[PDB]
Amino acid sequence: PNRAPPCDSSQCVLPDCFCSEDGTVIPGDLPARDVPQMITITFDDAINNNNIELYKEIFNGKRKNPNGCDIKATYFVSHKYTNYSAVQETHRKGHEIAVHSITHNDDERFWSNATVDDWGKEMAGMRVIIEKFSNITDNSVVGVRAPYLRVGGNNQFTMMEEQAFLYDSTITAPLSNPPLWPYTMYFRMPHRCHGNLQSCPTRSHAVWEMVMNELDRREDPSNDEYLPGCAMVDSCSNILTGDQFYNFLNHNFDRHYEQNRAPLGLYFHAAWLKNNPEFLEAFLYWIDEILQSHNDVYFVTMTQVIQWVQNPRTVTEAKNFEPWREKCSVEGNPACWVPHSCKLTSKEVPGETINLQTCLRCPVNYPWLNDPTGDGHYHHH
């Protein structure tokens, strides 16, 4: 019908649009030698006591980018069991908070077939929950990642344009050399719709796609030959030791650093690092080794990648680039010293009692799809 046309370099102009024929071209045609290697560490799913101390151990206020600012990560947060005081504190420390739905609905077919309204309830609803119970008023919750990385055809992106989300990070790009840079959705995707029965958008949408390049899981990138890539780090099932993880990180860093310097995505679930102390040790060791030996590698949020694409800065220019210095090295105190611990209930989650921690007063019932504020109000007809 109204299929989005292939990239038209003349109609797609920075900073509101970026594309190339195959997605490998550097924004602003900076040469690769001069592009800061951006790394986006992300954490999925819910934030609470299962992982709050893990994040403190990683983001300890001593690991600094070459601009002297704390390294930054992005959290795609799902609602259930989340501690919204901790979300608020993570945001205060300068990490990005993005939405990963209210329900994390088990059924992969629901996401691939959901209506525009369904996507809004899950994603715009989750934004409402974060903005209220984490008291975030600056409109910085702008990203979306769908549970199980199930893309929602055009409906997901229609929803996101209507709801004024900045970017999506659900679409996977197959293992490619060179890997792909982010792209906007005004023009046709520069790669195949990848994954089992995925339903990808086909029309124009005013949405950034922080594409998820599959990583190369091969233990010997020369001799071994064909193995499918993996998007989530913890879904590379052959990574069993700290050493394998360490080499895996070096190999895929080199794939990006020695080619087009496309942002390197390291997407995790909090448990995979916590439940395997060998993986956490190799990860921290690798981060420290990369930070010490590189003055041209930046650990940044997803929003911060987009801000660079909108105004590309050389490695030399990067150290005074203002968007990358927002909340540089935050100390101060939490928004509240002892959060309320709300023991809450809802007809929408029948039977369960769920603790929601927040610096706000406890709401009347547990926030869910049909009542994201937890106010118990009767909606109008």
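One rule holds for the numbers: they count along the sequence shown, beginning at 1.
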Check: Would 327-335 or 61-69 have the larger average of its C-alpha temperature factors, as given in the entry?
Finding: 327-335
Next item on the list: Would you determine, from the values in the PDB entry, which of 78-86 and 234-242 has the greater average C-alpha temperature factor?
Entry: 234-242
Notebook entry, point to check: From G23, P372, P363, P15, pick the one with the largest CA B-factor in the entry?
Noted result: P15
Check: Out of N223, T170, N252, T303, which shows the largest CA B-factor listed in the entry?
Finding: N223
Check: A318's Cα B-factor: lowest, middle or highest third of the chain?
Finding: middle
Notebook entry, point to check: By its CA B factor, does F187 count among the lowest, middle or highest third of the modelled residues in the chain?
Noted result: highest
Note to self: Lowest, middle or highest third: which one holds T40 when the chain's residues are ordered by CA B-factor from the entry?
What the structure shows: lowest
Margin query: Taking only the Cα B-factors deposited for this chain, tell me whether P201 sits in the lowest, middle or highest third.
Written below: highest
Next item on the list: Give the position of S112 by CA B-factor within its chain, expressed as the lowest, middle or highest third.
Entry: highest
